[PDB]
>>> print(open('upload_6.csv').read())   # CSV, C-alpha atoms
chain,number,residue,atom,x,y,z
T,23,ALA,CA,129.2,14.5,-133.0
T,24,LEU,CA,127.0,11.3,-132.9
T,25,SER,CA,123.2,10.7,-133.5
T,26,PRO,CA,121.0,7.7,-132.7
T,27,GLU,CA,120.5,7.0,-136.5
T,28,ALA,CA,124.2,6.2,-136.8
T,29,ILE,CA,123.5,3.0,-134.7
T,30,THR,CA,122.2,0.2,-137.0
T,31,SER,CA,119.8,-2.7,-135.9
T,32,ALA,CA,122.7,-5.1,-136.5
T,33,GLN,CA,124.8,-3.1,-133.9
T,34,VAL,CA,121.9,-3.1,-131.4
T,35,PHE,CA,121.5,-6.9,-131.7
T,36,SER,CA,125.3,-7.4,-131.4
T,37,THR,CA,125.6,-5.1,-128.3
T,38,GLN,CA,122.6,-6.7,-126.5
T,39,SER,CA,123.9,-10.2,-127.2
T,40,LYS,CA,127.2,-9.6,-125.2
T,41,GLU,CA,126.0,-10.9,-121.8
T,42,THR,CA,128.9,-10.4,-119.3
T,43,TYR,CA,129.2,-9.4,-115.6
T,44,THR,CA,130.7,-6.6,-113.5
T,45,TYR,CA,131.1,-5.5,-109.8
T,46,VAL,CA,129.2,-2.6,-108.0
T,47,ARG,CA,131.2,0.1,-106.1
T,48,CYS,CA,129.0,1.2,-103.1
T,49,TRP,CA,129.8,4.8,-102.0
T,50,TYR,CA,128.8,6.4,-98.7
T,51,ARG,CA,129.3,9.6,-96.7
T,52,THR,CA,131.9,8.8,-94.0
T,53,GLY,CA,131.0,11.8,-91.8
T,54,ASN,CA,127.7,11.9,-89.9
T,55,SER,CA,126.3,15.2,-91.2
T,56,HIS,CA,126.1,17.3,-94.4
T,57,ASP,CA,129.0,19.5,-93.1
T,58,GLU,CA,131.4,16.6,-94.2
T,59,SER,CA,131.4,15.7,-97.9
T,60,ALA,CA,134.1,13.0,-97.8
T,61,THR,CA,133.1,9.6,-99.1
T,62,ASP,CA,134.6,6.1,-99.2
T,63,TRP,CA,133.5,2.9,-100.9
T,64,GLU,CA,133.4,-1.0,-100.6
T,65,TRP,CA,132.4,-3.5,-103.3
T,66,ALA,CA,128.8,-4.7,-103.0
T,67,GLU,CA,128.5,-8.2,-101.4
T,68,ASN,CA,126.0,-11.0,-101.5
T,69,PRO,CA,124.4,-11.9,-98.0
T,70,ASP,CA,127.3,-14.3,-97.4
T,71,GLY,CA,130.0,-11.7,-97.8
T,72,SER,CA,131.3,-12.9,-101.2
T,73,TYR,CA,131.5,-10.2,-104.0
T,74,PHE,CA,128.2,-9.3,-105.6
T,75,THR,CA,128.0,-9.2,-109.4
T,76,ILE,CA,125.4,-8.1,-112.0
T,77,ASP,CA,124.9,-9.7,-115.5
T,78,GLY,CA,124.4,-7.5,-118.5
T,79,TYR,CA,126.1,-5.6,-121.3
T,80,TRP,CA,128.2,-2.5,-121.8
T,81,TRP,CA,127.7,0.4,-124.2
T,82,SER,CA,129.3,3.8,-125.1
T,83,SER,CA,130.4,5.9,-128.1
T,84,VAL,CA,133.8,7.0,-126.7
T,87,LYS,CA,131.8,6.9,-121.3
T,88,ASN,CA,130.5,3.3,-120.7
T,89,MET,CA,127.1,2.4,-119.3
T,90,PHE,CA,126.1,-1.1,-118.0
T,91,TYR,CA,122.6,-2.5,-118.9
T,92,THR,CA,121.2,-5.2,-116.6
T,93,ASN,CA,117.9,-6.9,-115.7
T,94,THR,CA,118.9,-6.6,-111.9
T,95,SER,CA,116.4,-4.2,-110.3
T,96,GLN,CA,117.7,-0.9,-108.9
T,97,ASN,CA,116.1,-1.6,-105.5
T,98,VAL,CA,118.0,-4.9,-105.3
T,99,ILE,CA,121.4,-3.1,-106.0
T,100,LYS,CA,120.7,-0.4,-103.4
T,101,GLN,CA,119.7,-3.1,-100.8
T,102,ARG,CA,122.9,-5.1,-101.5
T,103,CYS,CA,125.0,-1.8,-100.9
T,104,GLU,CA,123.0,-1.0,-97.7
T,105,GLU,CA,123.5,-4.5,-96.3
T,106,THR,CA,127.3,-4.4,-97.3
T,107,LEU,CA,128.1,-1.0,-95.7
T,108,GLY,CA,125.8,-1.3,-92.7
T,109,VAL,CA,126.1,2.5,-92.1
T,110,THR,CA,124.4,3.4,-88.8
T,111,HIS,CA,124.4,7.3,-89.3
T,112,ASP,CA,121.6,9.4,-90.9
T,113,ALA,CA,123.5,11.0,-93.8
T,114,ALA,CA,124.9,7.8,-95.5
T,115,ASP,CA,123.6,9.1,-98.8
T,116,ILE,CA,124.6,5.9,-100.6
T,117,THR,CA,125.1,5.8,-104.3
T,118,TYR,CA,126.3,2.9,-106.5
T,119,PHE,CA,128.0,2.3,-109.8
T,120,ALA,CA,129.3,-0.4,-112.2
T,121,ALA,CA,133.2,-1.2,-112.1
T,122,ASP,CA,135.3,-4.2,-113.1
T,123,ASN,CA,138.2,-3.2,-110.7
T,124,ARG,CA,139.8,-0.4,-108.5
T,125,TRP,CA,141.3,1.5,-111.6
T,126,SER,CA,137.8,1.8,-113.3
T,127,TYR,CA,135.9,5.1,-112.8
T,128,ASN,CA,132.1,5.3,-111.8
T,129,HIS,CA,129.8,3.9,-114.5
T,130,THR,CA,126.1,4.3,-114.5
T,131,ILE,CA,124.0,1.1,-114.1
T,132,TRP,CA,120.8,1.1,-116.3
T,133,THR,CA,118.0,-1.4,-115.4
T,134,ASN,CA,116.4,-2.5,-118.7
T,135,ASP,CA,112.6,-2.2,-118.8
T,136,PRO,CA,110.4,-5.3,-119.0
T,137,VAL,CA,108.3,-6.4,-122.0
T,138,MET,CA,105.0,-6.1,-120.0
T,139,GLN,CA,104.8,-2.3,-119.7
T,140,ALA,CA,101.9,0.0,-119.4
T,141,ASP,CA,102.0,3.9,-119.1
T,142,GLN,CA,103.5,4.4,-115.6
T,143,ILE,CA,106.7,6.5,-115.1
T,144,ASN,CA,109.6,4.0,-114.6
T,145,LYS,CA,112.7,6.3,-114.6
T,146,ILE,CA,114.0,10.0,-114.4
T,147,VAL,CA,116.3,11.4,-117.0
T,148,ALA,CA,118.1,14.6,-116.2
T,149,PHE,CA,119.5,17.3,-118.5
T,150,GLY,CA,121.3,20.3,-117.1
T,151,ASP,CA,124.4,21.9,-115.6
T,152,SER,CA,126.1,22.2,-112.1
T,153,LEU,CA,122.6,22.5,-110.5
T,154,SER,CA,121.8,18.9,-111.6
T,155,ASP,CA,125.2,17.2,-112.2
T,156,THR,CA,125.7,14.0,-110.1
T,157,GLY,CA,129.1,12.9,-111.5
T,158,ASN,CA,129.7,13.5,-115.3
T,159,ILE,CA,132.4,16.3,-115.0
T,160,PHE,CA,133.9,14.4,-111.9
T,161,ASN,CA,134.5,11.2,-113.9
T,162,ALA,CA,135.9,13.2,-116.8
T,163,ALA,CA,138.2,15.0,-114.3
T,164,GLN,CA,139.4,11.6,-113.0
T,165,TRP,CA,137.8,12.5,-109.6
T,166,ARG,CA,139.9,15.7,-109.1
T,167,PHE,CA,137.1,18.2,-109.9
T,168,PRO,CA,135.3,19.2,-107.7
T,169,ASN,CA,137.6,18.0,-104.8
T,170,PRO,CA,135.9,15.0,-103.2
T,171,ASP,CA,136.9,16.0,-99.6
T,172,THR,CA,134.8,19.2,-99.9
T,173,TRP,CA,132.2,18.5,-102.7
T,174,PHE,CA,130.1,15.3,-102.2
T,175,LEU,CA,131.4,12.8,-104.8
T,176,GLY,CA,131.0,14.7,-108.1
T,177,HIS,CA,128.0,16.9,-107.0
T,178,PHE,CA,128.5,20.7,-106.8
T,179,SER,CA,127.1,20.6,-103.3
T,180,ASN,CA,127.6,18.9,-99.8
T,181,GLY,CA,125.1,16.2,-100.7
T,182,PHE,CA,122.2,15.2,-103.0
T,183,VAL,CA,120.9,17.5,-105.7
T,184,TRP,CA,117.1,18.2,-106.2
T,185,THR,CA,116.7,15.5,-109.0
T,186,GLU,CA,118.0,12.8,-106.5
T,187,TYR,CA,115.5,13.8,-103.8
T,188,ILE,CA,112.6,13.7,-106.4
T,189,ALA,CA,113.8,10.2,-107.5
T,190,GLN,CA,114.0,9.0,-103.8
T,191,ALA,CA,110.5,10.3,-103.0
T,192,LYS,CA,109.1,8.5,-106.1
T,193,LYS,CA,111.3,5.4,-105.6
T,194,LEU,CA,112.5,5.8,-109.2
T,195,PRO,CA,116.1,5.4,-110.6
T,196,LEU,CA,117.7,8.7,-111.8
T,197,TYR,CA,119.9,8.7,-114.9
T,198,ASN,CA,121.9,11.9,-115.2
T,199,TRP,CA,123.2,13.6,-118.4
T,200,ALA,CA,123.7,17.0,-116.8
T,201,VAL,CA,127.2,18.4,-117.1
T,202,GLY,CA,128.6,20.8,-114.5
T,203,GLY,CA,129.7,24.0,-116.3
T,204,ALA,CA,131.2,25.8,-113.2
T,205,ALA,CA,134.4,27.9,-113.6
T,206,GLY,CA,137.2,25.4,-114.6
T,207,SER,CA,134.9,22.7,-116.0
T,208,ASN,CA,135.9,23.6,-119.7
T,209,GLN,CA,139.4,22.0,-118.9
T,210,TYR,CA,137.9,18.4,-118.9
T,211,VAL,CA,135.3,18.4,-121.7
T,212,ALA,CA,134.6,21.2,-124.3
T,213,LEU,CA,131.4,23.3,-123.6
T,214,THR,CA,128.5,21.6,-125.5
T,215,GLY,CA,124.8,22.5,-125.4
T,216,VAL,CA,122.0,20.9,-123.5
T,217,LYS,CA,120.8,19.7,-127.0
T,218,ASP,CA,124.1,17.6,-127.1
T,219,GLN,CA,123.1,16.0,-123.8
T,220,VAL,CA,119.7,15.1,-125.4
T,221,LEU,CA,121.6,13.6,-128.5
T,222,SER,CA,124.0,11.7,-126.2
T,223,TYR,CA,121.0,10.4,-124.2
T,224,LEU,CA,119.2,9.3,-127.3
T,225,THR,CA,122.3,7.1,-128.4
T,226,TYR,CA,122.3,5.3,-125.0
T,227,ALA,CA,118.4,4.8,-125.0
T,228,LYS,CA,118.9,3.1,-128.4
T,229,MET,CA,120.9,0.3,-126.7
T,230,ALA,CA,118.3,-0.1,-123.9
T,231,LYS,CA,115.7,-3.0,-124.1
T,232,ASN,CA,111.9,-2.4,-124.2
T,233,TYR,CA,112.4,1.4,-124.0
T,234,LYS,CA,109.3,3.6,-124.3
T,235,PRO,CA,110.3,7.3,-123.9
T,236,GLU,CA,106.6,8.1,-123.0
T,237,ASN,CA,107.3,6.4,-119.6
T,238,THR,CA,110.3,8.6,-118.8
T,239,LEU,CA,110.1,11.7,-116.5
T,240,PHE,CA,112.6,14.2,-118.1
T,241,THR,CA,114.0,17.1,-116.1
T,242,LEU,CA,115.5,20.1,-117.8
T,243,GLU,CA,117.4,23.1,-116.3
T,244,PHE,CA,120.0,25.1,-118.3
T,245,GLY,CA,121.6,28.5,-118.6
T,246,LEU,CA,123.0,29.1,-115.1
T,247,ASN,CA,126.6,28.3,-116.1
T,248,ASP,CA,126.0,29.7,-119.7
T,249,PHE,CA,125.2,33.2,-118.4
T,250,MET,CA,127.2,33.2,-115.1
T,251,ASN,CA,130.7,32.2,-116.6
T,252,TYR,CA,130.4,31.4,-120.3
T,253,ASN,CA,128.9,34.9,-121.1
T,254,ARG,CA,126.5,33.5,-123.7
T,255,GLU,CA,123.8,35.6,-125.4
T,256,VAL,CA,120.1,35.1,-124.5
T,257,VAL,CA,119.2,34.5,-128.2
T,258,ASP,CA,121.9,31.6,-128.4
T,259,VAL,CA,120.8,29.9,-125.1
T,260,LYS,CA,117.1,30.3,-126.4
T,261,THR,CA,118.1,28.5,-129.6
T,262,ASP,CA,120.0,25.7,-127.7
T,263,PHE,CA,116.9,25.3,-125.3
T,264,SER,CA,114.2,25.2,-128.0
T,265,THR,CA,116.4,22.8,-130.2
T,266,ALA,CA,116.7,20.4,-127.2
T,267,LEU,CA,112.9,20.5,-126.6
T,268,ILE,CA,112.2,19.9,-130.3
T,269,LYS,CA,114.7,17.0,-130.2
T,270,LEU,CA,113.3,15.4,-127.0
T,271,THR,CA,109.6,15.7,-128.1
T,272,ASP,CA,110.4,14.4,-131.7
T,273,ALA,CA,112.0,11.4,-130.0
T,274,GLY,CA,108.7,10.7,-128.1
T,275,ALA,CA,109.1,12.4,-124.7
T,276,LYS,CA,105.7,13.2,-123.1
T,277,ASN,CA,106.7,14.0,-119.5
T,278,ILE,CA,108.9,17.0,-119.0
T,279,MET,CA,109.7,19.0,-115.8
T,280,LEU,CA,111.1,22.5,-116.5
T,281,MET,CA,112.4,25.2,-114.1
T,282,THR,CA,113.2,29.0,-114.2
T,283,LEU,CA,116.8,30.0,-113.3
T,284,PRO,CA,117.5,31.4,-109.8
T,285,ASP,CA,119.1,34.9,-109.8
T,286,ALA,CA,122.8,33.9,-109.9
T,287,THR,CA,123.9,37.5,-109.0
T,288,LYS,CA,122.8,36.7,-105.3
T,289,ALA,CA,125.5,34.0,-105.0
T,290,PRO,CA,128.5,35.0,-102.7
T,291,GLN,CA,130.9,35.2,-105.8
T,292,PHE,CA,129.2,38.5,-106.8
T,293,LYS,CA,130.7,40.2,-103.7
T,294,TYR,CA,133.8,40.3,-105.9
T,295,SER,CA,132.0,41.5,-109.1
T,296,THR,CA,131.1,45.0,-110.5
T,297,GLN,CA,127.5,46.4,-110.0
T,298,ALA,CA,127.5,46.6,-113.9
T,299,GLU,CA,128.3,42.8,-114.2
T,300,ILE,CA,125.4,42.2,-111.6
T,301,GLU,CA,122.8,44.1,-113.7
T,302,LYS,CA,124.1,42.5,-117.0
T,303,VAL,CA,123.9,38.9,-115.7
T,304,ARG,CA,120.5,39.5,-113.9
T,305,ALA,CA,118.9,41.0,-117.1
T,306,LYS,CA,120.0,37.8,-119.1
T,307,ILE,CA,118.4,35.5,-116.5
T,308,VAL,CA,115.1,37.6,-116.3
T,309,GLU,CA,114.8,37.6,-120.1
T,310,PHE,CA,115.7,33.8,-120.4
T,311,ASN,CA,113.1,32.9,-117.6
T,312,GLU,CA,110.4,34.5,-119.8
T,313,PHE,CA,111.5,32.2,-122.7
T,314,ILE,CA,111.4,29.1,-120.3
T,315,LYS,CA,107.8,30.0,-119.3
T,316,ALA,CA,106.7,30.5,-123.0
T,317,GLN,CA,108.3,27.1,-124.1
T,318,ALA,CA,106.3,25.4,-121.3
T,319,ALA,CA,102.9,27.0,-122.3
T,320,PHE,CA,103.6,26.1,-125.9
T,321,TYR,CA,104.2,22.4,-125.1
T,322,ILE,CA,101.0,22.4,-122.8
T,323,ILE,CA,98.9,23.6,-125.8
T,324,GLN,CA,100.5,20.9,-128.0
T,325,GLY,CA,99.2,18.3,-125.5
T,326,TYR,CA,102.4,17.3,-123.6
T,327,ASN,CA,102.6,16.7,-119.8
T,328,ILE,CA,104.6,19.7,-118.7
T,329,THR,CA,105.4,21.0,-115.3
T,330,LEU,CA,107.1,24.4,-114.7
T,331,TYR,CA,108.6,25.4,-111.3
T,332,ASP,CA,109.5,28.9,-110.4
T,333,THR,CA,112.9,28.3,-108.8
T,334,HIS,CA,113.6,32.0,-109.4
T,335,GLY,CA,110.7,33.1,-107.2
T,336,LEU,CA,111.9,30.6,-104.5
T,337,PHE,CA,115.5,31.8,-104.6
T,338,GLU,CA,114.2,35.4,-104.2
T,339,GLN,CA,112.3,34.4,-101.1
T,340,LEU,CA,115.4,32.5,-99.7
T,341,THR,CA,117.8,35.3,-100.3
T,342,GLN,CA,115.3,38.1,-99.1
T,343,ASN,CA,114.3,36.3,-95.9
T,344,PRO,CA,116.2,33.0,-95.2
T,345,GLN,CA,114.8,32.7,-91.6
T,346,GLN,CA,111.2,32.4,-93.0
T,347,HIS,CA,112.2,29.3,-94.9
T,348,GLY,CA,114.2,27.6,-92.1
T,349,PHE,CA,117.7,29.0,-93.0
T,350,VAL,CA,120.0,31.3,-91.1
T,351,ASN,CA,122.3,32.7,-93.8
T,352,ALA,CA,121.7,33.5,-97.5
T,353,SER,CA,124.6,35.8,-98.3
T,354,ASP,CA,127.8,33.9,-97.4
T,355,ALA,CA,129.5,30.7,-98.5
T,356,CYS,CA,129.4,28.0,-95.8
T,357,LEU,CA,133.0,27.1,-96.8
T,358,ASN,CA,135.8,29.5,-95.9
T,359,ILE,CA,136.4,30.6,-99.5
T,360,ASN,CA,136.8,34.4,-99.8
T,361,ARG,CA,137.2,34.9,-103.6
T,362,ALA,CA,135.7,33.6,-107.0
T,363,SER,CA,138.4,31.3,-108.6
T,364,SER,CA,138.1,28.1,-110.7
T,365,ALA,CA,141.2,26.7,-108.9
T,366,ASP,CA,139.3,26.5,-105.6
T,367,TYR,CA,137.3,23.4,-106.9
T,368,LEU,CA,140.7,21.5,-107.0
T,369,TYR,CA,141.3,22.0,-103.3
T,370,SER,CA,139.7,21.0,-99.9
T,371,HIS,CA,138.4,23.8,-97.7
T,372,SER,CA,137.2,24.1,-94.1
T,373,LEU,CA,133.8,25.5,-93.1
T,374,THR,CA,133.8,28.9,-91.5
T,375,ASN,CA,133.4,29.2,-87.7
T,376,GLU,CA,129.8,30.6,-88.3
T,377,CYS,CA,128.8,27.7,-90.6
T,378,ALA,CA,130.2,25.0,-88.2
T,379,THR,CA,128.1,26.8,-85.4
T,380,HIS,CA,124.8,26.9,-87.4
T,381,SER,CA,125.5,23.7,-89.6
T,382,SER,CA,125.5,23.7,-93.4
T,383,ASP,CA,121.8,22.7,-93.3
T,384,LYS,CA,121.1,26.4,-92.2
T,385,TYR,CA,123.1,27.9,-95.1
T,386,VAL,CA,121.7,28.6,-98.5
T,387,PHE,CA,125.1,28.5,-100.2
T,388,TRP,CA,127.7,25.8,-100.0
T,389,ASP,CA,130.6,27.4,-102.0
T,390,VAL,CA,130.6,30.8,-103.7
T,391,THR,CA,128.0,29.7,-106.4
T,392,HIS,CA,126.1,26.6,-105.5
T,393,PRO,CA,123.2,25.9,-103.0
T,394,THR,CA,123.6,23.4,-100.1
T,395,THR,CA,121.9,20.0,-100.1
T,396,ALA,CA,119.2,21.5,-97.7
T,397,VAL,CA,118.2,24.0,-100.5
T,398,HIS,CA,118.2,21.1,-103.1
T,399,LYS,CA,115.9,19.1,-100.7
T,400,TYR,CA,113.7,22.3,-100.2
T,401,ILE,CA,113.2,22.7,-104.1
T,402,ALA,CA,112.3,19.0,-104.3
T,403,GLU,CA,109.8,19.3,-101.4
T,404,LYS,CA,108.1,22.2,-103.1
T,405,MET,CA,108.0,20.4,-106.5
T,406,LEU,CA,106.5,17.4,-104.7
T,407,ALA,CA,103.8,19.3,-102.8
T,408,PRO,CA,100.1,18.5,-103.4
T,409,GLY,CA,98.7,20.4,-106.4
T,410,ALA,CA,102.2,21.7,-107.3
T,411,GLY,CA,102.0,19.9,-110.7
T,412,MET,CA,103.4,16.3,-110.4
T,413,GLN,CA,99.8,14.9,-110.1
T,414,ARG,CA,99.7,15.1,-113.9
T,415,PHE,CA,102.4,12.3,-114.2
T,416,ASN,CA,101.7,8.6,-114.0
T,417,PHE,CA,103.5,7.3,-110.9
T,418,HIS,CA,103.5,3.8,-109.4
T,419,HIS,CA,102.2,3.4,-105.8
T,420,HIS,CA,104.3,1.7,-103.2
T,421,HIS,CA,102.9,0.1,-100.0
>>> encode(input="upload_6.csv", output="structure tokens")
Amino acid sequence: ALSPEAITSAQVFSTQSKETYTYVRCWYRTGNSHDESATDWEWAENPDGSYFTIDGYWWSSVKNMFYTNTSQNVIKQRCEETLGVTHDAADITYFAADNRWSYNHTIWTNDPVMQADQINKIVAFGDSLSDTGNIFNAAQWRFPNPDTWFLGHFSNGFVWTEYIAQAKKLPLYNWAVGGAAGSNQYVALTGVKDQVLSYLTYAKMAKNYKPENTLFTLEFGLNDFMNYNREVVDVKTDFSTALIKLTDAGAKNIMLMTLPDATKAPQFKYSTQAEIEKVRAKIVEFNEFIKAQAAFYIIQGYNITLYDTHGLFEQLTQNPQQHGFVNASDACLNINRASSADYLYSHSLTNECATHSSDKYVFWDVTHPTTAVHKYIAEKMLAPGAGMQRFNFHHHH
């Protein structure tokens, strides 16, 4: 496909010189709880009510990104003042757009010249456990259905990387691509190493970029073993290639996680016991490769953190009450089958899930965890002595 070395320094100068402007689309949850995924938007405004604009330049290889010097905190504030949402689950997100026909484009705040060693952004690689909108924009906002899945997330709200970024007051730049059944119809199945290569081309257009100051998150293989029936040896090769690529490019801070036992998801109520054991054995074997890769990069001198998401998902499915949940075996939504077509449609919650609330359910659909589970994983990764102390964070009064 495309590599950072294809981009010349003449092209970097030429792209950075094109100082233009764009508008910001402020999205918000219209409902007042995580049970309701529906979103709406308004354009960001200045304090006087006139349309807000950001100066900067655009760059892409095909999937445009806007680079600005306007701080991420300023943009969020402008969206919060414009919408004036008075409910608790506003879950506001913001994107660059010239007009109503444009899709959601990431805004990247360029780094300053005066830079030390503090973490100044989060960069996510992964699948439908991390995706915040990449398959959604490729599907022209049809997949997953925005009435039932929260604006491009394969959940009813924020994913675990977004809650980590909120807690650390950092921006999150997502490269994760949802590989859920039916995703292959919008973009062809590419490796996590292709997400690293795509990232690297965008970071080459960024100003004053120091990859040692990025917190990278990497989770892959769930969709590869669940529906793309990949072999452990091939996912191992794609995973290790990606880590060689990231660390050769100067990454120093990486967060890794084991895969949860996918076979516990409600979709496996419609599977054979043979398919259960086959999928489980792949995960168990691949988790041991994730653990070895982490220990290898710790000995090489990198700042690695590893989180046992698998151990947590066992505890959650074994005894959901012990962790603040009520149900760990059923889909909150009234979906009684495993079909790719179901992501194209809106669905009601079951009577049982409307009674307990989606915050008490482990699973949102037949595959994916609820936003409450994502928030729980983030809380555990954030806990004192759970590993994040090894990263250089800024303090905020």
>>> residues_near_point(input="upload_6.csv", point="(115.2, 16.7, -110.4)", cutoff="7 Å", atoms="only C-alpha atoms", output="compact mmCIF listing (two decimals) with C-alpha atoms, in the coordinates of the input")
# COMPACT_ATOMS: atom_id res chain seq x y z
CA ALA T 148 118.10 14.60 -116.20
CA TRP T 184 117.10 18.20 -106.20
CA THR T 185 116.70 15.50 -109.00
CA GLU T 186 118.00 12.80 -106.50
CA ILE T 188 112.60 13.70 -106.40
CA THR T 241 114.00 17.10 -116.10
>>> residues_around(input="upload_6.csv", residues="stretch 317-326 of chain T", least_positions_apart="6", cutoff="8 Å", atoms="only C-alpha atoms", output="MDAnalysis selection string")
chainID T and resid 264 276:278 280
>>> write_last_selection(input="upload_6.csv", atoms="C-alpha atoms", output="compact mmCIF listing (two decimals), in the frame of the given file")
# COMPACT_ATOMS: atom_id res chain seq x y z
CA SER T 264 114.20 25.20 -128.00
CA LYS T 276 105.70 13.20 -123.10
CA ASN T 277 106.70 14.00 -119.50
CA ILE T 278 108.90 17.00 -119.00
CA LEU T 280 111.10 22.50 -116.50
>>> atom_distance(input="upload_6.csv", atom1="atom CA of residue T:345", atom2="atom CA of residue T:377")
14.9 Å
>>> residues_around(input="upload_6.csv", residues="residue T:362", least_positions_apart="6", cutoff="12 Å", atoms="all atoms listed in the file", output="number ranges by chain")
T: 204-206, 250-251, 289-295, 355, 389-392
>>> residues_around(input="upload_6.csv", residues="residue T:284", least_positions_apart="3", cutoff="12 Å", atoms="all atoms listed in the file", output="VMD selection string")
chain T and resid 153 243 to 247 249 to 250 281 287 to 289 303 to 304 306 to 308 310 to 311 331 to 341 391 to 393 397 401
>>> residues_around(input="upload_6.csv", residues="residue T:233", least_positions_apart="6", cutoff="12 Å", atoms="only C-alpha atoms", output="ChimeraX atom specification")
/T:132-141,143-145,224,226-227,273-275
>>> residues_around(input="upload_6.csv", residues="residue T:75", least_positions_apart="5", cutoff="8 Å", atoms="only C-alpha atoms", output="MDAnalysis selection string")
chainID T and resid 43:46 66
>>> atom_distance(input="upload_6.csv", atom1="atom CA of residue T:240", atom2="atom CA of residue T:279")
6.1 Å
>>> closest_residue(input="upload_6.csv", among="T:110, T:161, T:68, T:271", to="residue T:128", atoms="all atoms listed in the file")
T:161
>>> atom_distance(input="upload_6.csv", atom1="atom CA of residue T:269", atom2="atom CA of residue T:254")
21.3 Å
>>> residues_near_point(input="upload_6.csv", point="(117.9, 30.8, -93.4)", cutoff="10 Å", atoms="only C-alpha atoms", output="list in words")
residues 340, 341, 342, 343, 344, 345, 346, 347, 348, 349, 350, 351, 352, 353, 380, 383, 384, 385, 386 and 397 of chain T
